[PDB]
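part one of the complex, left exactly where it sits:
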Amino acid sequence: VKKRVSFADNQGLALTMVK
């Protein structure tokens, strides 16, 4: 019912999109 805040860097995916 209540979701949790999970970082992409924390969960195995790149954190940053460059442009």
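Ah, there it is. Numbering: from 1, shown residues only, chains lettered A, B, ... in the order given.

report the central residue of chain A.
In chain A, the centroid-proximal residue (C-alpha atoms, centre = their mean) is residue A:8; its distance is 2.0 Å.

contacting residues for that one?
Taking C-beta atoms under 8 Å, 6 or more residues apart in numbering as the criterion, residue A:8 is in contact with A:14-15. In short, each C-beta sits where N, CA and C put it, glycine included.

again, only this time at 10 Å
Shown in contact with residue A:8 (C-beta atoms under 10 Å, 6 or more residues apart in numbering): A:14-16.

closest one of those residues to residue A:4?
residue A:15 (17.4 Å; C-beta to C-beta).

which non-adjacent residue is nearest the closest one?
Nearest residue to residue A:15, sequence neighbours excluded (C-beta to C-beta, 6 or more residues apart in numbering): residue A:9, at 3.6 Å.

distance of that neighbour from residue A:1?
26 Å (C-beta to C-beta, to the nearest Å).

then residue A:14?
For residue A:14 relative to residue A:1 (C-beta to C-beta), the value is 30 Å.

comparing the two, which residue is more hemmed in?
Higher neighbour count among residue A:14 and residue A:1: residue A:14, with 8 against 2, using other C-beta atoms under 10 Å.

what's near enough to touch that one?
By C-beta under 10 Å, 6+ apart, the contact set of residue A:14 is residue A:8.

helix or strand for it, which one?
Per DSSP states H and E: residue A:14 is located in neither a helix nor a strand.

quick one, phi psi at residue A:4?
The phi/psi pair for residue A:4 (degrees, to the nearest 10) reads phi -120, psi 160.

oh, I was asking about residue A:15
phi -90, psi -30.

give me the neighbour count for it.
Counted with other C-beta under 10 Å, the neighbours of residue A:15 add up to 8.

go on, residue A:11?
So residue A:11, with other C-beta under 10 Å, has 7 neighbours.

kindly incorporate the sequence below as chain B:
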Amino acid sequence: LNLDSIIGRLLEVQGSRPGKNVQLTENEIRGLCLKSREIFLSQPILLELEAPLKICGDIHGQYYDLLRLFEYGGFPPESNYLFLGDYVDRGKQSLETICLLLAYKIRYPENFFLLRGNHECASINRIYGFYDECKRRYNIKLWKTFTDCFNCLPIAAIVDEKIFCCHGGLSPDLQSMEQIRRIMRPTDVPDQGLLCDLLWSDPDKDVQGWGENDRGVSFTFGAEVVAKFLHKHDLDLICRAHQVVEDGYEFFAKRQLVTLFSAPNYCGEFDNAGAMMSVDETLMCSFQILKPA
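With chain B now in place:
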């Protein structure tokens, strides 16, 4: 309100050489300041929001960097957006910035939300350049209308009962969320108290409890303050802006808090980058960073 025409003329300078302005009719803008003001007063002062959305920090009149943001993250309503105050001042194009935001707000009032910053206040934007910009390009009374619109801005938001978003940070007077909801609008920013600290306070690596803020206003707070506040209200993250950061994002207290700044080369006196936290529906947060050469 002839809205789609206004938004169209505001995006007409995309791709042009930066620095070119957009001057709307004095009445058109005053319409934005009324139609948006009504929408603010209807929606809650403490915004209950649902992911997915994108969160952006200080803009500070840097209008062509703001256009680069939307050009990157998608023009609404392709994405949802939450903004953390500091729309005006410092930059040369505050009027182009604030108008395009207020227009989108009216355009998609359920998929576009603007939060108040410490510069969305007469006594502040009188000093730092939004007042001189209104007097020059238009007149004084339009600035007073802007002020009457800023007074009714929402203060904070909560993304799915887990992420807490305000411009500055925490206040020692804030023990329950009802203290926020009970605040009435329109309202000026008092020099002290809860509402002031939400837009002025700063996270401090060096102090643990509370400490004096070098701004001469509000307080600092430490990594201990963030751990107790997230626990008591069953929260995972605090999202804020208000301070420049090198990468555009900067974590604090073991990724418990994040500082966002969406203005690259902040008033031409920094090498900083602009960032933007993309949050999918599952509350998974990855950043998109703007950067010059």
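
and the neighbour count of residue A:15, now that chain B is part of it?
By other C-beta atoms under 10 Å in any protein chain shown, the residues close to residue A:15 number 14.

now for it: which residues touch it?
For residue A:15, the contacting residues are A:7-9, B:247, B:249, B:285-287, B:289, by C-beta atoms under 10 Å, 6 or more residues apart in numbering or on different chains.

surely residue B:153 and residue B:36 touch.
Yes. Contact criterion C-beta atoms under 10 Å: residue B:153 and residue B:36 qualify, at 9.3 Å.

shared neighbours, the two?
With C-beta under 10 Å, 6+ apart as the test, residue B:153 and residue B:36 both reach residue B:114.

one step back: for the residue nearest to the centre of chain A, which non-adjacent residue is closest in space?
Distances taken as C-beta to C-beta, 6 or more residues apart in numbering or on different chains place residue B:286 nearest to residue A:8, at 3.7 Å, with adjacent residues excluded.

the one you found belongs to a strand?
Yes. Counting by DSSP: H, G, I helix; E, B strand; the rest coil, residue B:286 falls inside a strand.

ok so, going back, return the member of the contacts of residue A:15 nearest to residue B:92.
Closest approach to residue B:92 among the contacts of residue A:15 (C-beta to C-beta): residue B:289, at 23.0 Å.

mind listing the strands for chain B?
Ranges of strands within chain B are B:46-49, B:53-56, B:81-84, B:113-115, B:156-159, B:163-165, B:202-203, B:210-212, B:219-221, B:237-240, B:249-252, B:257-260, B:276-279, B:284-289, based on DSSP state E.

what residues does chain A put near chain B?
Contact residues (C-beta under 10 Å from any C-beta of the partner chain) of chain A with chain B: A:1-11, A:13-19.

show the buried residues in the residues you listed.
In terms of neighbour count (16 or more other C-beta atoms under 10 Å in any protein chain shown), the buried residues within the residues of chain A next to chain B are A:5, A:7-8.

and the residues you listed as JSON lines, adding secondary structure?
As requested, those are exported to JSON lines (three-state DSSP):
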{"residue": "A:5", "secondary structure": "coil"}
{"residue": "A:7", "secondary structure": "strand"}
{"residue": "A:8", "secondary structure": "coil"}
